[PDB]
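Chains as they are written, first to last, in the deposited numbering: chain A, 2 to 208; chain B, 2 to 208.
Protein chains: 2
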Amino acid sequence: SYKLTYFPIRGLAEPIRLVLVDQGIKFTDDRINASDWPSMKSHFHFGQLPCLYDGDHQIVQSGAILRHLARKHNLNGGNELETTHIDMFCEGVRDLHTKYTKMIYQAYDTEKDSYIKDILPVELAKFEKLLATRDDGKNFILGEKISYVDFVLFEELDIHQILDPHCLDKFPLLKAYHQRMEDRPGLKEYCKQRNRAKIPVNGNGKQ
Amino acid sequence: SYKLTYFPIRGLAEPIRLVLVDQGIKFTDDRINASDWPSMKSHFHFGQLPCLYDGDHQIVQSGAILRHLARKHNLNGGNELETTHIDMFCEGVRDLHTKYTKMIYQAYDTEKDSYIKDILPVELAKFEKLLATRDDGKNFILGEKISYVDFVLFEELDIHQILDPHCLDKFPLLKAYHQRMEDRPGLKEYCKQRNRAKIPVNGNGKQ
Ligand SMILES: N[C@@H](CCC(=O)N[C@@H](CS)C(=O)NCC(=O)O)C(=O)O
Ligand SMILES: N[C@@H](CCC(=O)N[C@@H](CS)C(=O)NCC(=O)O)C(=O)O
């Protein structure tokens, strides 16, 4: 059985949750309190969350969790080159996310607008171009078939759209793509409920 | 054929160089000097390096490159769980590298000492303990069988020794582990010659 342990925010665990929910995989979504964290901190290999318990097995590190799940549930591509392609795209999503979190925790007042104007369009052009190399950008990252990295890019697009409602206005492939991921039947309800419960994107309440 | 493009520093490409040298895999080590970089930036999927061409296939992202090499050259463990363990460990190593490089680039004068004292020992103790879970940490991360992550951890330990020569003194498993990686027939003439030429660890010359 699965138990995902993280803080009660989207942050680094959300794409993991998205994968499981969409694919109908039962898991315990274990959102801890700020207050209980200090006493569990030492239970985890690097003293951080997220953690996925697969049976007795402790799996920390969000990337290792995603790639493990990809392999257990056939969301890792159809061959060596596709697996490599999705990992490369996944890593570029995470690189954008590191720039995003930096501005959010460290410089929201002073760097939000330069982020939106000078950094984000440059970084979205890279995803737009890469997405267009499969099925002309009209289906998933690999074209015909969905893979773990589709849930990772969706979350990243979605939180950037919260930050800037017009971020995808000039990237038609990414825009239509976000919209196809959002209306997946396995997700439509979860994202509605998440939306109305006002689940924070980040630990400091800014987004 | 393989061709590895990166700046003429260790930095993010070094673990990939070590994997290939050690294993006897022929590659072109394309060290591009900084002056020529704006001439080629737009040629790569994310406008960054390192890049590995495997035949005609462009592979950016150091992590995607590593795991690609792992699957292709039987350096990714013997089963699912093992693959997940080394991925977990590798991601631990990159997290310390992110702490390391922020200090190097942004705060070498002011934070080098406190990092050596307060941060670095806590982070290494995490590696010491995880290494112990397999074969009492007496061999490689997975036991008797070497894998891609050994090369990543080796590099991260080695550079940290250049920064503080005493950083492994209180970590018996990691100390011995570093020496065991350094003495591999495959990497030692390489490490001798690398040490001869005083190849910079980082792009800003600090180490
Ligand atoms: N590289 C890790 C990062 C994990 C991480 O940064 N976790 C933070 C939350 S964003 C945490 O657990 N903080 C609590 C603490 O370390 O005391 C991953 O991708 O899983
Ligand atoms: N996450 C990427 C990061 C690559 C990266 O940051 N590369 C920088 C230098 S270490 C670069 O190639 N060029 C800076 C630039 O032109 O933007 C990876 O792991 O490969």
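Even for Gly, the Cβ is constructed at its ideal location relative to N, Cα and C.
Any non-hydrogen atom of ligand 1 within 7 Å of residue i CB
i: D96(B); result: yes
i: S63(B); result: no
i: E15(A); result: no
i: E156(A); result: no
i: residue 1(A); result: With chain A represented from 2 up to 208, any question about residue 1(A) goes unanswered, as that position is not in the structure.
i: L5(A); result: no
i: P166(B); result: no
i: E92(B); result: yes
i: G25(A); result: no
i: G206(A); result: no
i: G12(A); result: yes
C-alpha distance - residue i paired with residue j, whole-angstrom precision
i: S40(B); j: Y3(B); result: 22 Å
i: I66(A); j: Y149(A); result: 11 Å
i: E157(A); j: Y178(A); result: 12 Å
i: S43(B); j: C168(A); result: 22 Å
i: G138(B); j: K130(B); result: 9 Å
i: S115(B); j: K171(B); result: 17 Å
i: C91(A); j: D31(A); result: 25 Å
i: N196(B); j: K189(B); result: 10 Å
i: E112(B); j: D136(A); result: 49 Å
i: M182(A); j: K176(A); result: 10 Å
i: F45(B); j: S36(A); result: 45 Å
i: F152(B); j: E15(B); result: 9 Å
i: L70(A); j: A198(B); result: 43 Å
i: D110(B); j: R95(A); result: 29 Å
i: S63(A); j: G93(A); result: 15 Å
i: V22(A); j: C192(A); result: 10 Å
i: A126(B); j: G48(B); result: 36 Å
i: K27(A); j: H74(A); result: 13 Å
i: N80(A); j: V61(A); result: 26 Å
i: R185(A); j: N140(A); result: 12 Å
i: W38(A); j: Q59(B); result: 42 Å
i: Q180(A); j: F128(A); result: 16 Å
Any chain B beta carbon closer than 8 Å to residue i
i: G187(A); result: no
i: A65(A); result: yes
i: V61(A); result: yes
i: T85(A); result: yes
i: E145(A); result: no
i: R68(A); result: yes
i: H58(A); result: yes
i: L82(A); result: yes
i: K103(A); result: no
i: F172(A); result: no
i: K199(A); result: no
i: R32(A); result: no
Check whether residue i and residue j have beta carbons under 8 Å apart
i: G187(B); j: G25(B); result: yes
i: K100(B); j: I120(B); result: yes
i: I200(A); j: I17(A); result: no
i: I147(A); j: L76(A); result: yes
i: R68(B); j: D88(A); result: yes
i: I163(B); j: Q208(B); result: yes
i: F8(B); j: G204(B); result: yes
i: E83(A); j: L143(A); result: yes
i: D165(A); j: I117(A); result: yes
i: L53(A); j: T29(A); result: no
i: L19(A); j: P51(A); result: no
i: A133(A); j: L174(A); result: yes
i: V123(A); j: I160(A); result: no
Min CB distance residue i to chain A below 8 Å
i: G138(B); result: no
i: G93(B); result: yes
i: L131(B); result: yes
i: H44(B); result: no
i: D96(B); result: yes
i: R135(B); result: no
i: residue 1(B); result: Because chain B here runs from 2 to 208, residue 1(B) falls outside it and cannot be looked at.
i: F28(B); result: no
i: residue 1(B); result: Past the edges of chain B, shown from 2 to 208, lies residue 1(B), and the structure says nothing about it.
i: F47(B); result: yes
Residue i Cβ short of 7 Å to ligand 2 heavy atom set
i: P122(A); result: no
i: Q49(B); result: yes
i: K103(A); result: no
i: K42(B); result: yes
Going along the chain, which unbroken runs of the beta strand (DSSP E) with 3 or more residues stay wholly within the stretch 18–77 of chain A? You should have 28–32, 52–55, 58–61.
Any beta strand (DSSP E) of 3 or more consecutive residues that is wholly inside the stretch 152–181 of chain B: Listed in chain order, the beta strand (DSSP E) runs fully inside the stretch 152–181 of chain B amount to none, counting runs of at least 3 residues.
Which full runs of the alpha helix (DSSP H) of 4+ residues lie inside the stretch 89–163 of chain A, going along the chain? Here the runs fully enclosed are 109–115, 121–132.
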